[PDB]
Amino acid sequence: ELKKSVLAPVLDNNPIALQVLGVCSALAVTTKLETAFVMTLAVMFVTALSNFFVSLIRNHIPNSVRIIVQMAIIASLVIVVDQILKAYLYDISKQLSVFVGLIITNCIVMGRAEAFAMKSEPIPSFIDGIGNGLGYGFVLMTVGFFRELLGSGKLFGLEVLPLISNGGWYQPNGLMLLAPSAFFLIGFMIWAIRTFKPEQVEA
Amino acid sequence: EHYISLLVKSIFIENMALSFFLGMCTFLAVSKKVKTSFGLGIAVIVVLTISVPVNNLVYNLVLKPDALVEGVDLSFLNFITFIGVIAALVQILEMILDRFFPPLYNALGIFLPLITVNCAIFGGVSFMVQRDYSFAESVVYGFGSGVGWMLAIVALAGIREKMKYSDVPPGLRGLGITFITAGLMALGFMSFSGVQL
Amino acid sequence: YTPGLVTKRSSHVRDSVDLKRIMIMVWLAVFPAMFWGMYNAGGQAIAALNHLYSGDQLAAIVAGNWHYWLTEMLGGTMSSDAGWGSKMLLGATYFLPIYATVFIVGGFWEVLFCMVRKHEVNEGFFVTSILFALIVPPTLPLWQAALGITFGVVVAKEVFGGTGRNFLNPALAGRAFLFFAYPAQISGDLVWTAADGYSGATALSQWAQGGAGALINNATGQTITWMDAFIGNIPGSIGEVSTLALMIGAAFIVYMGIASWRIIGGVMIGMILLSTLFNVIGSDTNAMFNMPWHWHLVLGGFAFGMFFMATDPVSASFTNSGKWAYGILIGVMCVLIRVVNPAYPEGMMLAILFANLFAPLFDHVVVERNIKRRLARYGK
Amino acid sequence: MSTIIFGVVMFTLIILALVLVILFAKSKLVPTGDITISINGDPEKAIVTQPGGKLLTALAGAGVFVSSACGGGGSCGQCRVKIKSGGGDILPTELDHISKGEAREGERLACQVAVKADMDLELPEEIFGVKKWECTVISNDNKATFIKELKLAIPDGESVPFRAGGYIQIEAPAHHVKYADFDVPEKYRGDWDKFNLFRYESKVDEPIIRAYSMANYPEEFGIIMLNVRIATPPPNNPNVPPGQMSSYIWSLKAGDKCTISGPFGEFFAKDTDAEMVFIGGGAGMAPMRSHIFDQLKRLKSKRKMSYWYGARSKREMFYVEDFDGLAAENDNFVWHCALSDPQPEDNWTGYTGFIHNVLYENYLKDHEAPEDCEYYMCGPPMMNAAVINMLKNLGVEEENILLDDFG
Amino acid sequence: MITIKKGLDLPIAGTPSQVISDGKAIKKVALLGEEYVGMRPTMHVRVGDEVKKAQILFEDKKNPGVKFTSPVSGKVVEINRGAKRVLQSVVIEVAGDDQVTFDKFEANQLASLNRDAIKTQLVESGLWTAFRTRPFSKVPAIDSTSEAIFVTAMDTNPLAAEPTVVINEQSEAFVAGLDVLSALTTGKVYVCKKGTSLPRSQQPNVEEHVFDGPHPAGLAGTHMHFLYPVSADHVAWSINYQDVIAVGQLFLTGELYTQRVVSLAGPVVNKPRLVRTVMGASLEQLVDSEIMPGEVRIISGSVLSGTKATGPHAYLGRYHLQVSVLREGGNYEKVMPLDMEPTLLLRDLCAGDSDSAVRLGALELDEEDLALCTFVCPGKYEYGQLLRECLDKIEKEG
Amino acid sequence: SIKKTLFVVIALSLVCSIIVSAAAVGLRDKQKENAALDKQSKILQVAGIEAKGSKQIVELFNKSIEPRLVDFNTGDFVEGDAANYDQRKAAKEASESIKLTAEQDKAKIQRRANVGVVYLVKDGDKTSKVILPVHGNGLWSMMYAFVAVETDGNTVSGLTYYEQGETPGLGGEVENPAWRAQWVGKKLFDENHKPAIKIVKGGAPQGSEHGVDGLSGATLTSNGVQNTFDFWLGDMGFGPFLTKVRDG
Ligand SMILES: Cc1cc2nc3c(=O)[nH]c(=O)nc-3n(C[C@H](O)[C@H](O)[C@H](O)COP(=O)(O)OP(=O)(O)OC[C@H]3O[C@@H](n4cnc5c(N)ncnc54)[C@H](O)[C@@H]3O)c2cc1C
Ligand SMILES: CCCCCCCCCCCCO[C@@H]1O[C@H](CO)[C@@H](O[C@H]2O[C@H](CO)[C@@H](O)[C@H](O)[C@H]2O)[C@H](O)[C@H]1O
Ligand SMILES: CCCCCCCCCCCCO[C@@H]1O[C@H](CO)[C@@H](O[C@H]2O[C@H](CO)[C@@H](O)[C@H](O)[C@H]2O)[C@H](O)[C@H]1O
Ligand SMILES: CCCCCCCCCCCCO[C@@H]1O[C@H](CO)[C@@H](O[C@H]2O[C@H](CO)[C@@H](O)[C@H](O)[C@H]2O)[C@H](O)[C@H]1O
Ligand SMILES: Cc1cc2nc3c(=O)[nH]c(=O)nc-3n(C[C@H](O)[C@H](O)[C@H](O)CO)c2cc1C
Ligand code: FES
Ligand code: FES
Ligand SMILES: [K+]
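Residue numbers (PDB author numbering), protein chains in the order written: chain D, 6 to 208; chain E, 2 to 198; chain B, 35 to 414; chain F, 1 to 407; chain A, 1 to 329, 378 to 446; chain C, 7 to 254.
Here it is as structure tokens:
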């Protein structure tokens, strides 16, 4: 055994760079590394558990209502994680916020549930959720780094570049805070990956 | 009347793709042929125009607080109920494409199941529950959001078709340039930013 | 050692027109707007300075701004009795560094892509550099001009394969980058006149507040007449102000066949129809509803965008029918953003960028209808 | 437990309503029963199969067998079938091996095509007429260093009906064979002992199917001659498993049995008066021999015939006595061979080098009308790719050259 | 009748006098292999062979039965071949008067002749090569047929000869040729001409159509687009007026008619006029003693579409009726009168989108139909070559 | 098969629904208590009173905060159990709420309670600041905020959003301490007694009297905040009450 599956979907089969899953959440939370970090952990945790459960029922899932069953697993887990968190660790619960909806519709959670969980053993299926979320966070955190640093002078809320508004020298870039910057940054991340891993260039 | 204004909000002002950035995963994936993109856009309108009004009745008749019985609010059954409804229609959509399968069953492939779990479709139901839309407004909103989404996907397919003459560096070719194209498309859709209602 | 007839069947005569000559024609067409822009830029700045300062206070301001005492050194005068030479000289001290920065920074990206990818340099950058330099406020910091051209040249053009291979207008993509990244330097009341410490709203912004009665040149205290905006004796982007200068250049490139008159006609049609529609509807609250079409023409960057940027052939539609639709969408979008979008006083750049996205669709619709006629053998 | 209980039933009701619509849609939109596929429009050849699976699987089960080399990968393109109706549009991978003009006719890859609704097929007689026979091995002598001649005795009597240049698909199950089991003459054992190819041991994990061209002209009855080349790991990749099907054939000796699974092929000459040119290499000597024998007694053709075999050494050369007799008995046919590397003891005094350049420098260079000649080739890809390039450089249309590369 | 507004007439100096005179005697003639689209020759002659007027020189491998016969009787002095042994020219030195004769018929029977009989005579005489199909501009297959045969009785090429002047000298032959084409066509014969008057065919099948306007008005592709739009399943045949005269002569006298009237014109032509020559005439000998001093370019055909008459190609092309001599040194929509979106179509050819080009009307086009677009192209593309590359791709993949 | 599909969907639906329904209803009570304690923490936090722990917060809230009821239609104190007043519930009933017109509903809130609770901060025996709860519809969820207004009735001492459900990073930045701290020192009204707090898209000019930077990439959530303040500061909200505060 080896951690190939855990770390492969980081740079080889990245959910946002090679495949096109999870882009919607990528453009909203990559404005901060803090928000990005919680979302990466959330997608890793939800995808791995949901992938695991779907594997348990992989042989018995009907293709007619597979998505419904698959969604029930994902939505139920997200709802419960939200409810459990609200009652205990309420301070973090506010942090989850709308991420209950934002993880359920995350295409990575359902994408890996069908591509892998439905045709794999639960144990490696669980490893798939951890791995896919990591690669989602490589793109999420990498974009978050540029967007927060250049758009706010802050990384994880800690001021790296002094702002003019706070008697500093750096003027924040307003485009880094909006959606388009994430589109451009992700595209350029794909450019770097596919020029260093040419196997992925499209014909 | 008021409805025409609602339709304008959900097509241009609240363009789910280029304004709200919802449904980008399928939007940035099947956007390479106008004919295929148009087929998905038609299907998305069909799913959205049916999903939203149905969930509006279920929310206002079942999930609405103090609706089925006084003192019981089945609000916690909101995401699970909605996604399930959306998933059902998608499952049926998969079947109808079995008749129009050449253009989309094969191209959408892995994403055809993903019509559900699309940020655009789930989000539209949420706005129909966050805001308060009657059934008539829900239908106008749902159709409008889909049409605005179809406008964006079909447009990105038009741009990409025009790119047959483009010389995109390898590495950017396909997804990388598509993200850059979408960012530029969103740039031009920011023309409606000040527009209110 | 004997090529085949394919190589010999090449058309034996060609038109004198080439890509190099098209770009130089567009480059010269903006010279009248550029030269007036510099003259206007210096004139506006000098008037505001005398209105804000006098005596030794003016001298200190002139001494503390390299634009001002460099004009004094070269023979100009910052006093209100300054002639056209000093005004054009002062405006040049702002335009040229911006144009030089844009040319050098943008040119570096152009050559770098050609060098690394083994492409030959293309002359289209001459138009992109000059137009981008002519659509920014005179006070734009150089480091922001460098970033603006870098985004427009690289993100909008180079990554798409260079000249003739993109879909979005590069110069406007660069302007949009500065518009949304550093709005304070390219919007407001402190950037459209080059008099440090002077605050003045431009005509389009003033109309949205009160109307023609607000059309006042604060520096001079007088009134901004339709003639003033038409000639370009108004604050604004250096190059856009003079509708007359732009028409003179636009007439030449349109006559030469370089700029599409269907796009320009469509832009006018879209602008006139919607602005007139707003005029008829009326608005007791929104003053921009009552701006007539002829005022929309001479205000903001409508004239500059319509003539020299909406006519960018690569980013426009490739069909004659689409060209009408493309221009009409621009004119409609521009008035709409101008009138019913509170955030932006002008909407030409955003209008064109929106239209660029849909020009391929207009073409696709037109071409598919042609294909249907062909598959029916044109009813023959 | 207010609402905990209540939500569960209301939720189930919502789910039941949703599934019921889906199930109702499935009944009225998802076909039931079994899928009926018409083969050639003949009711007898029509196959009724339940939904699911690829077309290549269902067809093999019926009485019609479709030639396939890559299998369930959609790579070779030898399994093209005519789908008059059904089967949808052509998949993008299929277009890689099928031209658009062919797509208009209806050609599709059965393996890449998934059977999901009624489809119509028009398979020809050759694909329909596949007969499985298990001949008995007579001789397995080594013709050269890495080439073995295999003689098969027909079990049903008479002889296999096939065209010149045809081939028979040989199928073997999983089996472990050691190269030491091979019996080789001392003459050929020299390279084999230098590098010790006898060390290789092959373990075929799964049953395999391969193709082997014929080396017997149709008039030959009783013995089905064949030529087999031993598969050894690539010269550039020793870290590769050894031969699986060729090795199994080599392990056999007198009295052994193997399956031929009927004939197949699309390599044939043209029934015209144009001059014929043959370019053989390695195992290619099988189909070429059939052509020369077919055109000398089966047809008694008076057209000019030439043969150019590429060999590396005299030891590699085989079937020399037969070729010499045909050339001597009939002057219309002339054969030649060049050694790419003659041995010191060969003392060859004829053509030396590659037929890529030998044939050009001797015959085609001074040929007045090289284009007006049918060309037939079978040999290593290096020889084939180089020769076609040389033939193309002589203005020979592809329609005038037929390629049967064996790898 | 049909008026053309979108187009361009190049006003190049040295227009011909439009008076038929005798050109310099020609003692060398050639057939150009590369001119015939998709023609892979099967040689029937070798250097030093003696040939008759209508003797076969070579055959088409990919168009079986099509015979390319000599234009003159004489000796084969060379068979020029280029890269990959592509037949460049089969040069024949004119000598003698031997010829292959054929059947002759009365003028009142030509319209009534059996179709197969007409095809055989045209094929045996080599005159079958005058026909070109429009969806690929190839010589028609021997066994194929067309419901629409277009006769180009007009010439809007710059410096072109006036067809009326040439057709007028051979009125009986021209009418006889139209009658034969009347029987040859399954449908109709379109005599596409200018407003001027021409001899008329008494057959109801032969319809005269007038085209007026700038250059593209005189192209068979333009006439087909307006009268019989062509596709993969609607194939038209094209033949020019001088080949029609040859057809009439062949079926009236039983002999191959190889004389042609070509305009020798251009800025460096001292006396631009109409000159009598032979098919495949050597242009180096034809322009001898008629050009101004200096480095000039002899073009078989018009300056817009034509062959550089240099080296192995320095002979009059089969489909060329003019020789132009020159000194060595939204545009697309304005010169394209067809119902097409020219800028998008040209972009498809540049990109190699063969299937899209088919949808946009590439199949209706020959290289000459894109000459003006090439002329006015600021990027200096040569769309005629791109179209042929696309058309060859369609034939090959299709 | 019909038999397998009904069994799995029902069985899966039941197990997931039981877990979801049990978790939600059971933990709801604890969640409700935790949420209530949060509002006392928010009122104290905006008030500038540092408290820590649920028990300390309750102790310090009672000592320093004096909730009172106000009638919006008159802007005058009224008598009732302010400490146990639920303005949210009142706004849902026509008896203690009104329906706003399209013109009146600047905050996009469907209904507005007739009486709303305010919180008075008392350093000693005098009210040093007044905290006003204001809400308006956002893009994704309703946003509730506390605004600490000084005794002047014009100067704002602190701002905090105690119930937002917008996306963290974009719309959830109403919780960002830097954005909330930006409100301190701003003026709620103009000379004409008109709302002047304006959320400026792209960033307000530095030192602005009534300029708070809008939420980047979150115009709609920032629009809601403006819509929140545009209504509650208006005639039908706390406008009349703040007039009384300004003069004492
Ligand atoms: C029409 C036709 C006619 C043919 N006629 C002949 C003929 O007359 N004689 C003949 O010898 N062949 C012929 N072939 C080729 C035949 O199909 C086989 O390729 C050949 O017999 C060797 O069989 P193999 O499976 O052992 O080769 P393979 O094992 O498929 O060959 C692969 C190469 O790599 C090695 N290898 C083995 N296993 C692997 C593995 N898993 N991965 C990578 N490399 C591996 C092998 O040693 C060999 O060198 C013909 C093919 C066709 C289509
Ligand atoms: C998708 C987005 C596109 C990618 C590109 C975005 C990159 C954003 C980062 C750009 C870095 C900005 O870095 C910028 O450097 C300039 C260069 O002097 C500094 O500029 C500073 O010094 C100059 C020179 O004296 C002064 O004129 C200026 O007023 C002052 O701000 C800015 O304070 C800083 O903001
Ligand atoms: C073919 C050449 C193209 C040249 C340009 C084409 C002419 C286009 C004219 C459009 C119609 C006339 O445009 C007319 O402009 C006048 C000013 O002159 C406006 O005059 C006024 O009317 C409105 C109310 O109606 C007032 O609120 C406002 O002060 C002003 O717009 C008319 O409302 C408008 O109808
Ligand atoms: C923002 C303002 C501008 C936006 C509004 C105006 C643009 C409207 C464009 C709608 C989208 C284009 O719509 C386009 O229509 C053409 C016909 O013209 C269709 O064309 C095609 O349709 C079908 C596919 O459904 C094909 O089988 C057919 O061969 C072809 O006609 C395209 O498939 C469709 O994508
Ligand atoms: C008439 C004309 C107008 C042009 N306008 C622009 C423009 O507004 N902005 C720009 O960056 N390039 C412009 N160009 C240059 C060039 O065409 C443009 O960058 C294309 O998008 C790529 O070639 C123009 C060129 C011409 C001929
Ligand atoms: S569509 Fe939103 S995450 Fe995929
Ligand atoms: S088996 Fe090879 S493509 Fe079908
Ligand atoms: K405005």
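Quick reminder that beta carbons are idealized off the backbone N, C-alpha and C, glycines included.
- In this chain, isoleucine 56 of chain A is not harboured by any alpha helix (DSSP H); it is covered by the beta strand (DSSP E) spanning 56-60.
- For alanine 242 of chain B, the CB falls within less than 7 Å of some heavy atom of ligand 8.
- The alpha-carbon separation between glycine 195 of chain A and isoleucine 12 of chain A amounts to approximately 23 Å.
- Closest in C-alpha terms to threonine 186 of chain A, from the list A/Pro199, A/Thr3, A/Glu147 and A/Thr164, comes A/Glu147.
- Contact annotation, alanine 248 of chain B with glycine 234 of chain B: C-beta distance approximately 12 Å; criterion of less than 8 Å not satisfied.
- For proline 73 of chain C, the enclosing beta strand (DSSP E) stretches over residues 71-77.
- Nearest neighbour of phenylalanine 136 of chain E by Cα position, chosen from E/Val86, E/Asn57 and E/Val148, turns out to be E/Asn57.
- Legend: CB atoms of the segment 8-36 of chain C lying less than 9 Å from CB atoms of chain E belong to residues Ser19, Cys22, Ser23, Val26, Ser27, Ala29, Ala30, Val31 and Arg34.
- For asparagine 80 of chain A, the enclosing beta strand (DSSP E) stretches over residues 74-81.
- Going by C-alpha positions, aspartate 118 of chain F is about 29 Å away from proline 263 of chain F.
- Assignment of beta-bridge partners to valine 91 of chain A by DSSP yields A/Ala30 and A/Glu78.
- In the DSSP assignment, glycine 164 of chain C forms a beta bridge with C/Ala154.
- Residues of chain E with a Cβ closer than 8 Å to the Cβ of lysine 26 of chain F are, in chain order, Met96.
- If you draw a 10 Å sphere on the C-beta of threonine 352 of chain F, you find fewer than 16 other C-beta atoms in it, and that means exposed.
- Closer than 7 Å to some heavy atom of ligand 6: that describes the Cβ of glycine 27 of chain D.
- Cβ contact annotation for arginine 186 of chain C (same chain, cutoff 8 Å, sequence separation greater than five): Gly164, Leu165, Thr166, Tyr167 and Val180, in chain order.
- At a Cβ-Cβ threshold of 8 Å, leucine 43 of chain C and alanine 57 of chain C do not count as neighbours.
- Leaving aside the five residues that flank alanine 232 of chain A on each side, the residues in its chain whose CB is nearer than 7 Å to its CB run, in chain order, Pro135 and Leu411.
- Contact annotation: the segment 297-315 of chain B does not touch the segment 200-208 of chain B, with fewer than three C-beta pairs closer than 8 Å.
- With fewer than 16 other Cβ atoms from the protein chains shown falling within 10 Å of its own Cβ, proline 64 of chain A counts as exposed.
- Contacts between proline 185 of chain D and chain E, judged by CB atoms closer than 7 Å, involve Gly184, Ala187 and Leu188 in chain order.
- Counting along the chain, the unbroken beta strand (DSSP E) around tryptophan 308 of chain F starts and ends at 305-311.
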